[PDB]
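A structural walkthrough
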Amino acid sequence: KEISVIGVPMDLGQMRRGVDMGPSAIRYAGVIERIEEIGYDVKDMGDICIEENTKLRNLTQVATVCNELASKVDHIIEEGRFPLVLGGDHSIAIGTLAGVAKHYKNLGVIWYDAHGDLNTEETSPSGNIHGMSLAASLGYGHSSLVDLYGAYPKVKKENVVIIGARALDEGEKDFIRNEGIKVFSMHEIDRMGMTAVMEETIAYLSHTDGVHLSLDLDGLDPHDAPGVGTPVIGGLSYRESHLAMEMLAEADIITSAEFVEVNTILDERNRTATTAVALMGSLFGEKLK
Amino acid sequence: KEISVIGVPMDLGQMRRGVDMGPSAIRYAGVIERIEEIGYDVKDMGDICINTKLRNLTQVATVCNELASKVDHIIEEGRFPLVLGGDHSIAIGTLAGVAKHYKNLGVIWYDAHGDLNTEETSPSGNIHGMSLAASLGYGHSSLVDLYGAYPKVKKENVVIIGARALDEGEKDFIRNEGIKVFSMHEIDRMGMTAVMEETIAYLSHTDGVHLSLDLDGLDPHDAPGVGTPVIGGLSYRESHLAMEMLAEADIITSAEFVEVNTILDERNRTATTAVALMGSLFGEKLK
Amino acid sequence: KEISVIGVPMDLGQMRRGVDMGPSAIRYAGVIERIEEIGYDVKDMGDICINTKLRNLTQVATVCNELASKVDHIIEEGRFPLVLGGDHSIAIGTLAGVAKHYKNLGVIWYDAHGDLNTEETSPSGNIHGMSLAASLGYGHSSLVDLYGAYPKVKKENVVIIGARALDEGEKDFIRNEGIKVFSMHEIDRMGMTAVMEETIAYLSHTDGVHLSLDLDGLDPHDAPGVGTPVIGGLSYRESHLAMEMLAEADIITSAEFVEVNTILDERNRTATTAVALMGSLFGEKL
Ligand SMILES: [Ca+2]
Ligand SMILES: [Ca+2]
Ligand SMILES: [Ca+2]
Ligand SMILES: [Mn+2]
Ligand SMILES: [Mn+2]
Ligand SMILES: [Mn+2]
Ligand SMILES: [Mn+2]
Ligand SMILES: [Mn+2]
Ligand SMILES: [Mn+2]
Ligand SMILES: [Mn+2]
Ligand SMILES: [Mn+2]
């Protein structure tokens, strides 16, 4: 019943995408009071203050922020609290998972995203480390990232479930096939329904000793989440995502979480941040009946 | 096939929400002509001219009393009463008038909200957040005993569809009193078709069914112009299908369409959708 | 894997609806480069340069005659004809061209409308509301006998998907001729996966299948820029899935994407969606 929130206003990569405004927008949407109202004790750790290379853009700075984030997430779990990380770009998951991995020996990851973020420096069309954060956490990529806060893979391929994917690069599709990553693409979600997708996901991770939720708001359709770094049409509805959070809450398996890629520049009256807060409310136990 | 239409441009409560414009907006969207096009004889009755714990209590009772008698009289004439809403507190008057003609009356409450508050549980004092509870006999005597000193509807004959913004007190009432409610999560899991089949079967023992359709049951993407929008609601397609299934079951014997708010609407499209839903309810088919 | 693309910027009928802008908007959205990215050889044939009961009948026959002969030549060259639309009346010319090479042709009509009117049942005189009926052999002889004095398509080989704005006489035609139609209510009851599986099975005995995709089949939320928007339509997700299922069935031998109207569009997103649906049709997988 105890949560520590940390904001990471990082917007790095080929060009700014505005996702450094995410933590501020989510706070504007009342995330702290929302979780407190459910009955949690909430500790706001604040935001990390963030002060050439084409294949790995802003690598030194990404590594510096992720090292600080990993140690802060590590210490939140040492204190027995739930770490809730608020994102700019999805490369902060490299630091989040490195910190979480200090405390779990068989960690599940649910990656809720339009993208797989499974690129390496060889397969990336852009050099964006936020398009590499899941691959790096699986142990594939640059040593500065893969060995960050620990010289070992933070997550095992058999413990990942990707939900919402619809903009995978060709090299990511090969990785998924060759490595046997469990992926629910939009076409499978249309065929199965989100209820069946979430039951299969929870069953697939039943053996883990904790589960990290890495929720990129661009998993949702731009109609429901216009304010994201890289919008991709054809995504999950608010209703589907809200139901998914409620099913995860009922299963009581989520032990850490991050909500990333909110971009106020493309948002409409902050409504993507408002939606992110509602999804967190559902994740942390709000019920409709 | 005979329908009488009455508008009630009521917008009371803590503050104006703009829903008094609903009847004018729905008429602008051509509701009369649309119903006549289907093959109905339509009589337009026009519009009714209109403390912090029960806000505007005296005025709400006055309007609902007049509405109750007009709805009663429409049914006495053998006609279907269709009520065009401002706020949902007019359901108190509508159900009081309908209850004069049915002793096991069913109600389908299509709404983002339960409207199950009382004086004690309401965080606002808005009577439009109390109209279902009052119609069940729970609430202020001015409301529960309006146009007849008895409960107008039985708890076992209510189905709420669309719920997603229930207060804690309403959740307790639903659980402790056994109200049948399909929240948005249950609709997602079951699908609208199965929700409506179960609803129609649940009300099988009734002698009539009143449809109380609050446009804020639909998602704000499809119905932006409502008094109190709540994200994550029903689609136009789900609602249009639900109306077609009700039409085919031929169980709806009175209806009201409430809470259209032109101030938040986009080129009247919420009112246009309300008319399309009425067209489906009254027998329009796609094939 | 050879495709020939032709644009037909036709916007005839009672009044302008802006659909003559469709081919330019779809090209602006990168249709040619997109098809090439998948691995196709793309020959760009350019654009064709362009009565009250059969409005603009003479001009429609002229354009449709030219389109039919170009479509003929594409199939004769062993290539896939992809037509980019203004009005849906261009289906008359497309199917006339296709039917020279397919005598048991299937047709998937993806549309909010049936386009099953004749000179007698039309409330408007718009030939774009008559193009399916005319291709079935019903209507004026200028259209019915266009580029061939025979019906281009058999009534038993038609599937309409997405219908929600049928005229009363069109409902009668569907009922009295046994036309297979999936309305929005059936799609909502069955789900799009089951609708497409049933569609594919229904056309099992055709020798080819023409996809005639009117963007107003999609809901105006996902496709605001169309000639005649009708609320309550198919989602982008449903349509993208349907295109993928057709791609894997490998039954589509010609296609047209019509009725994109830039005047009502929002930053060209309807044309962008059309290009995305073509990408799915021609083999893109998620
Ligand atoms: Ca804005
Ligand atoms: Ca407006
Ligand atoms: Ca525009
Ligand atoms: Mn440590
Ligand atoms: Mn991501
Ligand atoms: Mn992403
Ligand atoms: Mn009486
Ligand atoms: Mn209500
Ligand atoms: Mn309501
Ligand atoms: Mn058409
Ligand atoms: Mn059409």
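Residues numbered from 1 in each chain as written, not as in the entry; some residues may be left out. Chains lettered and ligands numbered in written order. Heavy atoms only, no water. Residues with missing side-chain atoms left out of burial classes, pairs and counts.

1. Section: the interface of chain A and chain B
Residue-level contacts link 13 residues of chain A with 19 residues of chain B. A combined buried area of about 1,400 Å² lies between chain A and chain B, and 57% of that area is made up of carbon and sulfur atoms. Sorting the residues of chain A by area buried against chain B places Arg239(A), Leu288(A) and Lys289(A) first, and these three jointly supply 62% of that buried surface. Here chain A and chain B share 3 salt bridges between them. Of the charged contacts in the structure, one is a salt bridge between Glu186(B) and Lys289(A), with a shortest N-O distance of 2.9 Å. (Contact = heavy atoms within 4.5 Å. Buried area = accessible area lost by both parts, 1.4 Å probe. Salt bridge = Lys/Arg side-chain N within 4 Å of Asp/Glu carboxyl O.)

2. Some thoughts on the coordination of the manganese ion (ligand 9)
All names here are of chain B. Within the protein, the manganese ion (ligand 9) binds to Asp111 (OD), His113 (ND1), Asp214 (OD), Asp216 (OD) and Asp216 (OD); these donor distances fall in the range 2.2 to 2.6 Å. Mapped onto the sequence, the residues coordinating the manganese ion (ligand 9) show the spacing D-x1-H-x100-D-x1-D. The distance between the manganese ion (ligand 9) and the manganese ion (ligand 8) comes to 3.3 Å, with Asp111 serving as a donor to both metals. With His113 in the loop between β4 (105-110) and α5 (131-135) and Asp216 in the loop between β7 (208-214) and α10 (236-249), this pair connects stretches of sequence that are 103 residues apart. Assessed through its relative accessible area of 2%, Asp216 is described here as buried. (Donors = N, O, S within 2.8 Å, 3.2 Å for Na, K, Ca; no water. Helix = DSSP H or I, 4+ residues; strand = E, 2+ residues; numbered from the N terminus. Buried < 20%, exposed > 50% of the residue type's maximum accessible area, 1.4 Å probe, protein only.)

3. As for the UniProt feature "binding site: Ca(2+)" (unreviewed entry) in chain C
Residues and elements named next belong to chain C. The sites that carry the UniProt feature "binding site: Ca(2+)" (unreviewed entry) are, in the present numbering, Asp265. Tracing the chain through its elements places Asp265 in the loop between β8 (252-258) and α11 (269-281). Note on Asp265: relative accessible area 11%, which makes it buried. (UniProt positions renumbered as here; feature names shortened; annotations may be inferred.)

4. So, the environment of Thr262(B)
Residue and element names in this part refer to chain B. Summarising the element assignment, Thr262 is placed in the loop between β8 (252-258) and α11 (269-281). The exposure class assigned to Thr262 is partly exposed, which follows from its relative accessible area of 30%. Counting along the chain gives 38 residues from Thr262 to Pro224, while the straight-line C-alpha distance between them is 9.0 Å. Beyond its immediate chain neighbours, meaning those up to four positions away, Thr262 contacts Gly18, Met21, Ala25 and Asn268.

5. What about a nonpolar patch on the surface?
Nonpolar side chains collect at one region of the surface, where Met21(A), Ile265(A) and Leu266(A) lie side by side and expose about 260 Å² of accessible area between them. On the basis of relative accessible area, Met21(A) is assigned to the partly exposed category, the value being 31%. (Patch = residues over 30% accessible without salt bridge, like charges linked within 9 Å, V, L, I, M, F, W, Y side chains within 5 Å. Areas by Shrake-Rupley, 256 points an atom, 1.4 Å probe, with all protein chains shown as cover.)

6. Some details on the UniProt feature "binding site: Mn(2+) 3" (unreviewed entry) in chain C
All names here are of chain C. Per the UniProt record, the feature "binding site: Mn(2+) 3" (unreviewed entry) sits at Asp111, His113, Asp214 and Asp216. Spatial clustering of the annotated residues is evident: they stretch over 106 residues in sequence, but the largest pairwise C-alpha distance comes to 8.9 Å. By the secondary structure assignment, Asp111 is in the loop between β4 (105-110) and α5 (131-135). Note on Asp111: relative accessible area 0%, which makes it buried. Among all residues touching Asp111, those that are not within four sequence positions of it are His88, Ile161, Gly162, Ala163, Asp214, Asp216 and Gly217. One polar contact links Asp111 to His88, side chain to side chain, over a distance of 3.0 Å. Residue position: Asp216 is located in the loop between β7 (208-214) and α10 (236-249). The residues contacting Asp216, other than those within four sequence positions of it, are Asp111, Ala112, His113, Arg164, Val226, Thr228 and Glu259. Polar contacts involving the side chain of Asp216 include one to the side chain of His113, which spans 3.4 Å. (Polar contact = N/O pair within 3.5 Å; in protein donor to acceptor, adjacent residues only side chain to side chain.)

7. A closer look at the interface of chain C and chain A
With 12 residues of chain C at the contact, the number on the chain A side is 17 residues. Together, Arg237(C), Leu241(C) and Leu286(C) form the three largest contributors to the area buried by chain C at its contact with chain A, with a combined 64%. Along the contact surface separating chain C from chain A lie 2 salt bridges. The partner of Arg237(C) in a salt bridge is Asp190(A), and the shortest N-O contact between them spans 2.6 Å.

8. Digging into the UniProt feature "binding site: Mn(2+) 1" (unreviewed entry) in chain A
Residue and element names in this part refer to chain A. In this structure's numbering, the residues bearing the UniProt feature "binding site: Mn(2+) 1" (unreviewed entry) are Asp74, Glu78, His90, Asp113, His115, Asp117, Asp216 and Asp218. An extended arrangement is adopted by the annotated residues: their sequence extent is 145 residues, and the largest C-alpha distance between any two is 31.4 Å. By the element assignment, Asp74 lies in helix α3 (residues 59-78). Taking relative accessible area as the criterion, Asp74 reaches 5% and is therefore assigned buried.

9. Thoughts on the side chain of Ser126(A)
Take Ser126(A): it is sitting in the loop between β4 (107-112) and α5 (133-137). Those residues in contact with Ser126(A) that sit more than four places away from it in its chain are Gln14(A), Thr54(A) and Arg57(A).

10. A word on the sheet that holds strand β2 (residues 41-47) of chain A
Residues and elements named next belong to chain A. Overall, parallel pairing links the 8 strands, which are arranged β2-β1-β3-β8-β7-β4-β5-β6 in an open sheet. Since the sheet does not close on itself, it has two edges, and those belong to β2 and β6 (182-185), each with one partner. Pairwise comparison of adjacent strand axes, ignoring direction, gives a mean angle of 15° for this sheet. Sheet analysis places strand β3 (residues 82-87) next to strand β8 (residues 254-260), joined by 3 bridges and oriented parallel. Note on β8: the bridge partner recorded for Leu84 is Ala257. Of the strands in this sheet, β1 (2-8), β2 and β3 are in contact with helix α2 (residues 31-38), which crosses β2 at around 165°. Contacts from helix α9 (residues 194-204) reach β4, β5 (160-165) and β6, with the element oriented near 160° to β5. (Pairing = 2+ DSSP bridges. Axes fitted to C-alpha atoms, helices over the stretch in contact; angles between N-to-C directions.)

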